[PDB]
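Read off the chains here:
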Amino acid sequence: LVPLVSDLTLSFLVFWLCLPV
Amino acid sequence: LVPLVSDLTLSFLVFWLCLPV
Amino acid sequence: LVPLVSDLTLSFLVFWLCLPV
Amino acid sequence: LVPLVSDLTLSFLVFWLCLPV
Amino acid sequence: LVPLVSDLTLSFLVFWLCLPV
Amino acid sequence: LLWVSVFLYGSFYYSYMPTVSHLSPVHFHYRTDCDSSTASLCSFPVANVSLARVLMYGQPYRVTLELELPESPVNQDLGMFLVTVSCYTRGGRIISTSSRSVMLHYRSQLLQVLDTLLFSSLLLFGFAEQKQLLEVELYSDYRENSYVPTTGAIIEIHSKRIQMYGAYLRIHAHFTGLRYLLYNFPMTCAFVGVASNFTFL
Amino acid sequence: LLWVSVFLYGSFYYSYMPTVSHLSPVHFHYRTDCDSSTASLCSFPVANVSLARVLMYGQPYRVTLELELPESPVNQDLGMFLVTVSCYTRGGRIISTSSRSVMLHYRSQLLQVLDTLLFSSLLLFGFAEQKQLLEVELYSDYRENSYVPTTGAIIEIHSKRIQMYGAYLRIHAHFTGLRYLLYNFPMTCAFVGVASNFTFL
Amino acid sequence: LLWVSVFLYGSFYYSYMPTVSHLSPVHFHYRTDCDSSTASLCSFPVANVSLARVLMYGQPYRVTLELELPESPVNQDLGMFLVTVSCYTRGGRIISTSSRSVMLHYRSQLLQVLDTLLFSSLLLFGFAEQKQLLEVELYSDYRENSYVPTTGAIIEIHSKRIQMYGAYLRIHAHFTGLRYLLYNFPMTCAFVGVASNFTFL
Amino acid sequence: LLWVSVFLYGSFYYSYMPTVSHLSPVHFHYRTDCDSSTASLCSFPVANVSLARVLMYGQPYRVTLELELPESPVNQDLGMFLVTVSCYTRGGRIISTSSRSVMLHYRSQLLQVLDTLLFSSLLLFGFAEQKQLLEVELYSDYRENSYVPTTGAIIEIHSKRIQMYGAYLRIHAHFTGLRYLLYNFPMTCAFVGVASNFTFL
């Protein structure tokens, strides 16, 4: 299982949590 | 698949995007 | 295919482009 | 093909071209 | 072919050319 | 502002890759009645795969079988081997029969050792693996027959020693020119997009 | 102004290379009903390739089969092998039969090790690959028969051990003189054009 | 003024080398119906070549077959081998049969390693190649028969193990004394002419 | 003034070497019916050579066969071999039969290695070659028969493993005394003449 297949959408927001955090 | 076969036309513009970007 | 077989005539002018360029 | 078989006569004049050149 | 078999006579005068030359 | 650059590159990839494509997993089943005294199977790996639409009419698609091999000594000494795909109808009749010959990419022993040394961290942490991905291009341009759709494919590998992990039968519309770099060379796209967005920012 | 120099070299390449040519990929299929217990196929690689134009009348054309081999120990010990090409009519009749003997370029073990070490980065990152491209020149001045066109070519390689990745049947206009450097030595053209344009700029 | 010196040397070479010569390629075709289980062909390499003028009357000509061999261990262990050339008429009758015995130049293993080490850059970039060119001099002085011209030549190599890349049949005017250096030693011609023109300039 | 010294040495060589001599190339043709499983021929190298004058009456000449061997392991392990020369009349009758036994000069492996090391520069650029020149002296004071002249010679080497490059049959008037150094040791003559002329200049 590759690490970036269906988590790009999550990476658009989980990484985006760098702003409020 | 060689890296420069059909992307030369793209290389005429994507690389050309070095001007506005 | 040797690199100098049929390009001597080209070398008489392509190299000669050292004058205008 | 040895380098000095039939060019001794050439070496008697081409070398002699050191005088005008 | 040894270098000194029949040229001793030659060496008796060629060497002697050290006098005029 | 490299954070914004990464977000912009991700949005770029998401927008320019709405891939209308399907990745059917392929499950190879064997025969196991032999003495098994050697590291060789009994019969050729075969697989029925069902696509149940994506294969519609007019649009071209590229049917390939992405195949995952280990770079094991058995695989380097295997040599050439034949891959056959047979698309079947609803009633079992064969639609289109293809065939290709695929073989493992050769890398010298010193090259393998240097690869293991330099890429050691990714191999140790599980990011990278000493494997080969062969894209057996079963169909450079597929156009579906109007009357009889493609229910699925029977795929076969004619090697009794082919060590492998799995297989995918990817089908994707042939539109490539705009997405060619993204469809084939992802890391270069990441580098170029991140650099361009960071310079813009 | 190396940016402008690269753009000008690209424009130079695009203008002077409007290659009216076709690159029909050849797909070698085998017979696999033999024992296959050793690293050798059962029958010779044979392939039909169709061209359905490009092969028109008057202009001379150069028909070649660019063949991609690995520098594997099985291929170095193979030696000479024969390549046969047979252009066929619509009804199966043969147009023009040709044959050549082609063999993999020999390089010593020390040379192979030096190549692996010095070009290591390109081989690791996926740019370069330890492979040979043999340009089997099937026809030097092909000119099409007026009454019967060339529908396609049947191509055969008479070796039961020839490890290969793929094959192309490239046909291109014989006009070489102006484009000779770009026709045969593409890499040097990049340096020449970039240097000339940078000096001009 | 080294630019002018290079231009002058090029003009010198062009003016003094209007070589009226036809470089007929030779394509060796084999018979492949034998077992071929070892690194040896079935039958002798044979080749028909057509010269369709150049072979006119009175002018002395030197008919040679420049042969390109690799330095593979098989070639070094092969030893002597016979080369036969047979010129034929229009109706198949033989004009002039000739024969020579040619063999690969021997270089010691230490010499081979030193060559590979010192000429390594040229071998790596594709300039030089570990090959031998044997100039089999089939006819030191050729003059054409008046009533029957030479349509072509049938050439045969009697070695069943001669690894080779290709073959040229070259016929050139025997006028040599003025151009002898350019006829045989081009690199010395460059080294002499460029230096002389630079010193003169 | 080393220019003048070199020119004087060249003139000295030219004036004292107007050699009335001929160098007939010898072309050895074989038989090729054996299995050729080993590096051995079928029949002995034989050769007809025609001298078509030079062989006149009264003046003596030295008939020799300068023979070019490679210093290959096959040649060092061969040993003694017989060279036979048979001059023939116009009608085929044999004039004078001779015979000699010639063998390769022996040099130890360490000597060969040191030669390959110190003379490496000349061997790499093609100036020097690891070859032996054997001057098989067929006749020391040859004199022509009055009624029947010498049309040519049949030359044979009774070795089935003699690796060789070529062969020359050289005939030259026996006058040696004045030219002995030049006739046999030209390298020393070059140094002596150059030094003497430079000191004189």
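What counts as what
Residues numbered from 1 in each chain as written, not as in the entry; some residues may be left out. Chains lettered and ligands numbered in written order. Part of a larger assembly, values for the part shown. Heavy atoms only, no water. Pairing = 2+ DSSP bridges. Helix = DSSP H or I, 4+ residues; strand = E, 2+ residues; numbered from the N terminus. Axes fitted to C-alpha atoms, helices over the stretch in contact; angles between N-to-C directions. Disulfide = S-S within 2.5 Å. Buried < 20%, exposed > 50% of the residue type's maximum accessible area, 1.4 Å probe, protein only. Contact = heavy atoms within 4.5 Å. Least-squares fit on C-alpha atoms. 1 Å grid on protein atoms, 1.4 Å probe; cavity = no way out; pocket = protein on both sides within 12 Å on 5 of 7 lines; lining within 4 Å. Points joined across faces, edges and corners; volume = space filled by probe spheres on them. Expected span 1.5 Å × (residues − 1). Arc of directions from axis to C-beta. Salt bridge = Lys/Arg side-chain N within 4 Å of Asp/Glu carboxyl O.

Its PDB header attributes the entry to cryo-EM and lists the resolution as 2.98 Å.

K.L.:
Help me understand the sheet that holds strand β7 (residues 152–157) of chain H in this model?
P.N.:
To summarise the sheet geometry, strands pair through backbone hydrogen bonds and adopt either a parallel or an antiparallel arrangement. Residues and elements named next belong to chain H. Read from one edge to the other, the open sheet built from 4 strands follows the order β2-β7-β4-β5, with strand pairing classed as antiparallel. Here the strands that pair on one side only, and so sit at the sheet edges, are β2 (46–50) and β5 (94–102). Strand-to-strand twist across the sheet, computed as the mean angle between neighbouring axes with direction ignored, equals 15 degrees. By the bridge criterion, 7 bridges tie strand β4 (residues 81–88) to β5 in an arrangement that is antiparallel. If you follow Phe81 over to β5, its bridge partner there is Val102.

K.L.:
Can you walk me through the sheet that holds strand β4 (residues 81–88) of chain F in this structure?
P.N.:
Residues and elements named next belong to chain F. Read across the sheet, 4 strands follow the order β2-β7-β4-β5 without closing on themselves; strand pairing throughout is antiparallel. A strand with exactly one partner marks an edge of an open sheet, and here the two such strands are β2 (46–50) and β5 (94–102). Averaged over all pairs of adjacent strands, the angle between their axes in this sheet comes to 15 degrees, without regard to strand direction. Where β2 meets strand β7 (residues 152–157), 5 bridges bridge the pair, whose relative direction is antiparallel.

K.L.:
Please explain the state of the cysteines as it appears in this structure.
P.N.:
Covalent bonding between the sulfur atoms of two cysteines defines a disulfide. Residue and element names in this part refer to chain G. Counted by the stated rule, this structure contains 2 disulfides over all chains. One disulfide in the model links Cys34 with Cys42; its S-S distance is 2.0 Å. Of note, the bridge from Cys34 to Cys42 carries an S-S torsion of about -60 degrees and is left-handed in sense. Judged by its relative accessible area of 30%, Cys34 is partly exposed. Residue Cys42 is classed as buried on the basis of its relative accessible area of 16%.

K.L.:
Just to check I follow, could you spell out the environment of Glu156 of chain H for this structure?
P.N.:
Residue and element names in this part refer to chain H. On the secondary structure map, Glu156 appears in strand β7. By relative accessible area, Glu156 is classed as partly exposed at 22%. When neighbours within four sequence positions are excluded, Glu156 is seen to be in contact with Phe44, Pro45, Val46, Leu82, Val83 and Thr84.

K.L.:
Mind showing me how you'd approach the relation of the copies chain H and chain I here?
P.N.:
The two chain copies are related to each other by a rotation about an axis together with a translation along it. Between chain H and chain I, the superposition needs a rotation of 30 degrees and an axial shift of 0.1 Å, giving an RMSD of 0.3 Å. Of the interface residues in chain H, just 5% have counterparts in chain I that sit at the interface too, so the contact is made through distinct surfaces.

K.L.:
Looking at this structure, how should I read the layout of surface pockets?
P.N.:
Left-over empty space is what a probe sized like a water molecule reveals as it rolls over the atoms. Computed from the structure, the second largest pocket encloses a volume of approximately 1,100 Å³. Lining the second largest pocket are 27 residues, and of these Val14 of chain E together with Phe12, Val192, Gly193 and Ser196 of chain I sit closest to its centre. Elements with a minimum of two residues in the lining of the second largest pocket: α1 (8–14) of chain E together with α1 (2–16), α5 (180–184) and α6 (186–200) of chain I. When residues in the lining of the second largest pocket are grouped by element, the largest group, 9 residues, is from α6 of chain I.

K.L.:
Looking at this structure, how should I read α6 of chain I?
P.N.:
Since the α-helix turns once every 3.6 residues, residues separated by three or four places project in the same direction. Residues and elements named next belong to chain I. Over its 15 residues, α6 runs 21 Å from end to end, which matches the ideal 21 Å to within 8%, given 1.5 Å per residue. When we look at burial in α6, the residues that qualify are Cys189, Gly193 and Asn197. Around the axis of α6, the buried residues are gathered within 45 degrees of arc, so they sit on the same side. Along α6, the residues that are exposed and aim more than 90 degrees away from the buried face are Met187, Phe191 and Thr199. Residues of α6 that are buried in the fold lie against α1 and α5.

K.L.:
Would you mind showing me how to read the pattern of salt bridges here?
P.N.:
Note that side chains of opposite charge can pair when their charged atoms are close. The tally for this structure, following the rule as stated, stands at 29 salt bridges over all chains. Taking the shortest distance from any N to any O, the salt bridge between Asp115 of chain H and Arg107 of chain H comes out at 2.6 Å. In this structure, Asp115 of chain H and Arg107 of chain H share a single accessibility class: buried. The salt bridge partner of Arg143 of chain H is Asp141 of chain H, with a shortest N-O separation of 3.7 Å. Residues participating in the shared-partner salt-bridge network are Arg62, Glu135 and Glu137 of chain F.

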